[PDB]
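Below is one structure; the comments refer to it alone.
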Amino acid sequence: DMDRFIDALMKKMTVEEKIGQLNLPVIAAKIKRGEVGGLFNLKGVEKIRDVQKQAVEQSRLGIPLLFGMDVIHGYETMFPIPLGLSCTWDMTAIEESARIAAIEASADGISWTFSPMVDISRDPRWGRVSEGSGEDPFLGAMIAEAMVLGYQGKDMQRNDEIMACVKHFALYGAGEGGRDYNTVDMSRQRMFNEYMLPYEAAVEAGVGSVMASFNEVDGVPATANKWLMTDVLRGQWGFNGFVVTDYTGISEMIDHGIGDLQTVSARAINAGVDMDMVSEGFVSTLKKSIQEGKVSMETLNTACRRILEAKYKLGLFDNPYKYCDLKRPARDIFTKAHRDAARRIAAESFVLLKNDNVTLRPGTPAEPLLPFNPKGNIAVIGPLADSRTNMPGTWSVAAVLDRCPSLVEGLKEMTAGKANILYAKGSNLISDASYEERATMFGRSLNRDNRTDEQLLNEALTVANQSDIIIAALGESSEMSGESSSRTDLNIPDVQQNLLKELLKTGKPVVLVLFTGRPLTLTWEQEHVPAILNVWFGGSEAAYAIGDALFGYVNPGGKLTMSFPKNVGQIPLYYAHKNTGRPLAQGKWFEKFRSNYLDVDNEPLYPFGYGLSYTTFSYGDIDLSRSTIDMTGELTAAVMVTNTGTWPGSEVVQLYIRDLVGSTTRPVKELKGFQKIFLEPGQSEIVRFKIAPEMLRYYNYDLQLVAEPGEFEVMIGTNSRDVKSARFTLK
Amino acid sequence: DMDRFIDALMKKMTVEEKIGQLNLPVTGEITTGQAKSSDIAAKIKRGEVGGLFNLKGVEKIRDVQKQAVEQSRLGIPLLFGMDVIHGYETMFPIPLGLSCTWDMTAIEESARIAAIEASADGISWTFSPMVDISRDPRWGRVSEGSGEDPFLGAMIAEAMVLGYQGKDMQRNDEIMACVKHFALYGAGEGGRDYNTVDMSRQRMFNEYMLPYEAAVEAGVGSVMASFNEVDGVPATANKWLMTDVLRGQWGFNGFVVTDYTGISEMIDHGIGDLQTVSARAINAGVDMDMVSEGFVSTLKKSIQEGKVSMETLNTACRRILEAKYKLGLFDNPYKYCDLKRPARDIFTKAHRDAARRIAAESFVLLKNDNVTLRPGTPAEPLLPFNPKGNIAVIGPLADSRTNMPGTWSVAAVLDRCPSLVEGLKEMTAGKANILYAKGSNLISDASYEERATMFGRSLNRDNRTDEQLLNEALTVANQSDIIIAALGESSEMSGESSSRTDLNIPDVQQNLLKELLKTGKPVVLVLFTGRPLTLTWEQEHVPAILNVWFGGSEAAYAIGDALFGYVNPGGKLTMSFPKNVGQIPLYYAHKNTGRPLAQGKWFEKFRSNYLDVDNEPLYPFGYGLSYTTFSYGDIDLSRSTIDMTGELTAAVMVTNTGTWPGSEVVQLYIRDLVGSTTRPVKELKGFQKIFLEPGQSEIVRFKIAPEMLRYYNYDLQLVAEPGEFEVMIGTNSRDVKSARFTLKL
Ligand SMILES: [Mg+2]
Ligand SMILES: [Mg+2]
């Protein structure tokens, strides 16, 4: 068993060797000296197996390395960016995507992924919303569990299972101004009720590791916050794994302004940080701090033991080359089977935001543009129409970017012999050249040239006037989101929106195929464009998935997981908000002396849980099996859902609960369940949710997790806004 | 003594009479909320009323006080309250504008004058000062406060309280003040009034609380509970706030009043029914119920049921009686009911002359670039200029009397204030011709204009086309020697329940501005606003920009004073002006983060920065220009190391290097370089407003002591830690000279 093996190995180690287990650089001589616990961002089973060999046969002790990577939404087969993927509301598919990424990464030497990212954000200015699962902790928690299980399985003993790492602990999504890395501040009550659940869910799913965040919390960088890294993570949640820093998290505490490298390195290990990514703080200062009494041998031994336990649980002491089978890449990476799964999941992720009836043929009743049969001349226009490299999304560091089909390429393939795909670039990404350069970093160039926006527009209008339909492929480049990609404006960029306006003016039907890593401010587009399909960034097979949706091979069933505001001046806008003492009643905007603005109502353009279908669904009234239950009781909430349109399709039936009165103020609703159903036209299904007091608990003023007696409102519907309602009492 | 008198009075009182002292109905003509009261005369007779508010006029107040004194069983006199915010009838600048004077003597003076006028007319109690810290210029109530900084906020709070109350409120021209809104109301989410507030305890104490504490320590007689929740509890039910901090920590001896229907609004907040939330309020330390009738209609039942004790009720009642006693109302119920005072104390020339001086002192010169007026002559700034020829005054703020005083002017006579055109015409009679055109409406949307001009601020929008308005303005402009573009907000685009998601000069006004600039005539933007605006376009394109906020009843004259060079602008901003609303919140006293963007390095991947704009406000905290220029020598520190017992002096020579006499606000900032928690990159810890003649120099000296270096650490201990400090002095928070020193144990 483990405790004896590790007891025995640690009794053999020098202090330098114990310190070395805590070092994660991004070398050959360091491994020989036992100064390396793991490496990251090394790609290829060949390079990795050879680094493992050195560790195993050329260090005094032969301790095997962990090999890490940001395997975030795929290894080479790229699934949608996590924010897009969350809109599937499909935990089975989400688990599957993680399973596949693990199969591919493990095939190539990787034993550890820095995933899932589970940070709640209510602030769409932050580029890293693309990396998460939206604004809601219940859904965030369910996804956290699905991802951990996908990567790790039961117990990481299979050679196609790897160690997951829940990040970024904690509260990194609340950075002020939506500006990445910026100050975070909130009450403890808000932390636990509104931000913490997804981290806790990952811990409770058995996640092997946790990554400490860049932000301060209560004026202490998270990487030195003992309350977080020990008292909450271990003391409250019983986490048995290890904590890694984010990239140079330790030395960045110097800039944060809490001390010199020795001081913050000591504070980090004393807080419960076990492994040091890149900074070399632990390696270069811990011996000196042990000599001065600033860090005890107990503390060092604990950190070391945790690293060794992780290696042992991965089976690395049984076999250092568990994940170095040179025959696996050919069998496991970028296979048709995997790519087909990615295409299926990508189509499932898209959110149909609008699909109004349009007058297509003179005299006929108006009908929607989507879906359409692939025939005639199909214009595909815009700076996202013919880019391979922008398809997979940000966070695709192992992807072969220029191997992904562009939208034009994929639609060409899918329509060959049936329709002509007519391309025009239409516009640059944005007017400002310098902006375009930074927005297309990391190999995402759109090959901007000397052609002016007027030139590009004119060419596009010529093409558009040759066509029967216009697919406007517009929005963000993939690197307008991700890390260090914060925006103060959330529009479709200037020249693209002008292009869109001019395309509409041709009188040809226009479908907006929107690429984005985040919520955008879309009021103009909602007013003027007949059809809006949010495709996020769908991964390496996005082009094919988009064709599937456009041509009706798949009926869109995605639902938003983050509010879409009308303007940046409404931020933060989130569905699970408090009522205030002066709530504006529905339809009363504007009212003086209510909580409202002079210039816009309080509502998002599209709420949490919003998404349309090529069919329609109708909800009957809610049946509650009980009108009252006590602290040990239960009841069932039941609703009949009917497919009332002409298309087979899926619906995400959403369960919300409002605690009407609290000892503290409670949100106007909270997601507490969901079921994704598939119905043929005319078919009905009674959807049942079990409601029990465990679900009704919340962190009160004293941070006691309790359900208080009183009345609750149960709401069920197609999104967080449009719901059927019923009430019951807890005694 | 007071205790004996109050003991005796309380011995006579029924439970209903003690409950009645906690009740504050609304009456009169002033509207500051939705709910209205009824049956007040009979309620007073029954002893069910402790005070009233929104009643204006000494004759009306005297009649009502005579009903209280002569016709209730016990004759207990009423408090009479009003929002006397920046003036009674003689109106000073809106508080946010006034804060830009950086002149505590003038601020105190303005409060003194307001107290003299209000007290002359029956008022014993003002709901002032508002001291809420805000970093969010979307919020309309930034107009009512003193900006984003707690040090300056605290000094202003003291100045206002002292101005209203004096030493002890004994004089008949002294009134009770009420610090509001306790607490954290300026941090409402989205900048949307009344919305959720949430923050850490450390943030509360380091960043938000000091101004409330300063008012308490100045002896403020009352505190107003805020509308927002704090830690999930409406402030009106928050016992930690209203008891533990206010009384427990700060030793407040006065009483707590709610804001307007604050108690019944807790039902909406979602913490229970009227009885439950009223019981919670009084148990928390709330003593007086504004309008809701929570206390009067439910406390007896709660007392019968054991939800509120007799000791709790007695304590709340005693606090109200103590307030009345300290104001001298038991000695003389009619102290403030001198029917002959209004004719001699209100809206006098002396008061109005002071308001005119203080208004000119409040303006902030944001830009004043050289312009070539005529070939062969070197370029000069447009401001100041001699009044001569044809001076155009154009825009929707050009000829509006009622928009001059600003929001929260509930007792002002709005249509008596001169418009800008009227004032400039008076000031230039026989010297220049004042030409006028409205030029544009306030904003394209007529429904918005209506709600923005409520409370008697109509601009008299007509059915003229934008074409008619613009063409008339262009005909004026093309005959004019200079154009005064009087643009910006209407007064009620700020104040309560006036939040904006866009902070531009409104559409049709900005279009007007573009067209005026296109004439090629020289254009001065005289900008009216209650809040920071997003002015990047204007800073690029307009030669001269004078921020006049809302100057009060004499604003038009003060504006003439500045334009014509009778006064040299010396105002400095007290709140950051963002480049766009996507940067909110911007504030100068911010943490470094772990990935600070080095100066001049925008854009850098993997630093804390945005893709589309740099991190900086257009105009930083403390920003303001003059008709002259000031230069700063290097800082001289008297020693480089001190201990906790010591002190040092930071000195710098400031020289007037320009051609005009004028004032400079010399600002002291300190950075605690290393902390056990992260510390702001700077914090204002002092200032001195100096006046220099051209060529004159002055050595400005600041005492720096360890007491100034304290902050609330992780454990909320108010401590100074040993280590390095950076002393910064300069003309605003951005442009500073630096020196370093060490603090030791
Ligand atoms: Mg309840
Ligand atoms: Mg220090």
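No value in this document is a laboratory result; all are computed from the given coordinates. Note that we place each Cβ from the backbone using ideal geometry, even for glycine, and neighbour counts take in every protein chain shown.
Tabulated values for the structure
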quantity: DSSP-defined antiparallel bridges as percent of all bridges, the stretch B:1-347, nearest 5; calculated: 15 percent
quantity: Cα extents of the stretch A:1-334 along the three principal axes, largest first (Å); calculated: 52, 49, 32
quantity: Point-charge dipole on Cβ atoms (K/R +1, D/E -1) for the stretch B:1-347, about Cα centre, debye to 20; calculated: 1080 debye
quantity: Local electrostatic count at A:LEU308 - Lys and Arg +1, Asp and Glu -1, tallied over other residues with Cβ under 13 Å; calculated: +3
quantity: All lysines inside 24 Å of B:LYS689 as judged from Cα atoms, apart from same-chain residues fewer than 8 positions distant; calculated: B:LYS367, B:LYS572, B:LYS703, B:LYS737
quantity: Least to most buried among B:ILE156, B:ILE545 (fewest other Cβ within 10 Å first); calculated: B:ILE545, B:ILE156
quantity: At most 14 other Cβ within 10 Å, DSSP loop - trypsin sites (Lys or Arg not before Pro), the stretch B:378-423; calculated: B:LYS388
quantity: For chain B, share of DSSP beta bridges that run antiparallel, in % to the nearest 5; calculated: 55 percent
quantity: Top positive-direction residue, dipole computed over the stretch B:591-723 with Cβ charges, set B:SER697, B:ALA598, B:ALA650; calculated: B:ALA598
quantity: Rg followed by Dmax, in Å, when the stretch B:68-146 is reduced to its Cα trace; calculated: 15.8, 50
quantity: Loop-resident sites, the stretch B:1-101, for trypsin sites (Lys or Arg not before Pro), counting at most 11 other Cβ within 10 Å (DSSP); calculated: B:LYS36
quantity: Sequence of A:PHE239, A:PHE593, B:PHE550 once ranked by neighbouring C-beta atoms within 10 Å, starting from the fewest; calculated: A:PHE593, A:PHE239, B:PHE550
quantity: Cross-link pairs beyond the 21 Å C-alpha cut-off, checked among B:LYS18/B:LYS326; A:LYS559/A:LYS724; B:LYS18/B:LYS45; B:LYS56/B:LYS425; calculated: B:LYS56/B:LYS425
quantity: Listed residues A:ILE307, A:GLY587, A:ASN498: farthest to the positive end of the dipole of chain A (Cβ charges); calculated: A:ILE307
quantity: Directionally averaged projected area (convex hull, Cα atoms, the stretch A:555-668), nm²; calculated: 10.0 nm²
quantity: Surface/4 of the Cα convex hull for the stretch B:630-745, nm²; calculated: 6.9 nm²
quantity: Total formal charge among the other residues, if their Cβ is under 14 angstrom from that of A:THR506, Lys/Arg +1 and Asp/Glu -1; calculated: 0
quantity: For the stretch A:686-697, 3J(HN,Hα) per residue [Karplus equation, 6.51 cos²θ - 1.76 cosθ + 1.60, θ = phi - 60°, Hz, x = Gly/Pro]; calculated: 8, 9, 10, 10, 7, 10, 9, x, 3, 6, 8, 6
quantity: Angstrom value of the Kirkwood radius, inverse mean 1/r, which spans all Cα pairs in chain B; calculated: 27.0 Å
quantity: Cβ-placed point charges (K, R +1; D, E -1), dipole of chain A about Cα centre in debye, nearest 20; calculated: 640 debye
quantity: Bridge type composition, the protein assembly as shown - antiparallel percent by DSSP, nearest 5; calculated: 55 percent
quantity: Environment charge at B:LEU709 (Cβ cut-off 9 Å; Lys +1, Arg +1, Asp -1, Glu -1); calculated: -1
quantity: Within the protein assembly as shown, helix-based [θ] at 222 nm, where runs of 4 or more DSSP H residues each add -39,500 (n - 2.57), nearest 500; calculated: -8000 deg cm²/dmol
quantity: Nonlocal amide H pairs with A:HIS168, under 5 Å, H built at 1.01 Å; calculated: A:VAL118, A:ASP119
quantity: Theoretical FRET efficiency, 1/(1+(r/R0)^6), r = Cβ-Cβ of B:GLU726 and B:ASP636, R0 22 Å, to 0.05; calculated: 0.90
quantity: D_trans [Stokes-Einstein, Kirkwood Rh over alpha-carbon pairs] for the stretch B:348-629, 10 °C, 1.306 mPa s, µm² s⁻¹; calculated: 81 µm²/s
quantity: Directionally averaged projected area (convex hull, Cα atoms, the protein assembly as shown), nm²; calculated: 58.2 nm²
quantity: Dipole-positive endmost among B:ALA115, B:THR196, B:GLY186 within the stretch B:1-347 (Cβ charges, Cα centre); calculated: B:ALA115
quantity: Dipole magnitude of the protein assembly as shown about its Cα centre (Cβ charges: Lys, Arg +1; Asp, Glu -1), debye to nearest 20; calculated: 720 debye
quantity: Two-site label geometry, B:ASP63 and A:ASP449: point separation in nm, points 7 Å out along Cα→Cβ; calculated: 8.5 nm
quantity: For A:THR521, distant residues with modelled amide H under 5 Å away; calculated: A:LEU490, A:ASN491, A:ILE492
quantity: Full-extension gain in nm, B:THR659 to B:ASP39, via 0.36 nm per residue minus C-alpha separation; calculated: 216.7 nm
quantity: Inter-probe distance in nm under a simple model that places probes 7 Å from Cα toward Cβ, at B:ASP369 and A:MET297; calculated: 7.1 nm
quantity: Cβ-based exposure ranking for A:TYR699, B:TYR436, in which fewest neighbours within 10 Å come first; calculated: A:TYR699, B:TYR436
quantity: Filter on B:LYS11/B:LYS335; A:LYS412/A:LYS508; A:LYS167/A:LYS313; A:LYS588/B:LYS60 - keep pairs with C-alpha separation over 28 Å; calculated: A:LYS588/B:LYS60
quantity: The stretch B:588-622: trypsin sites (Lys or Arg not before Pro) in DSSP loop, at most 15 other beta carbons within 10 Å; calculated: B:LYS601, B:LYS605
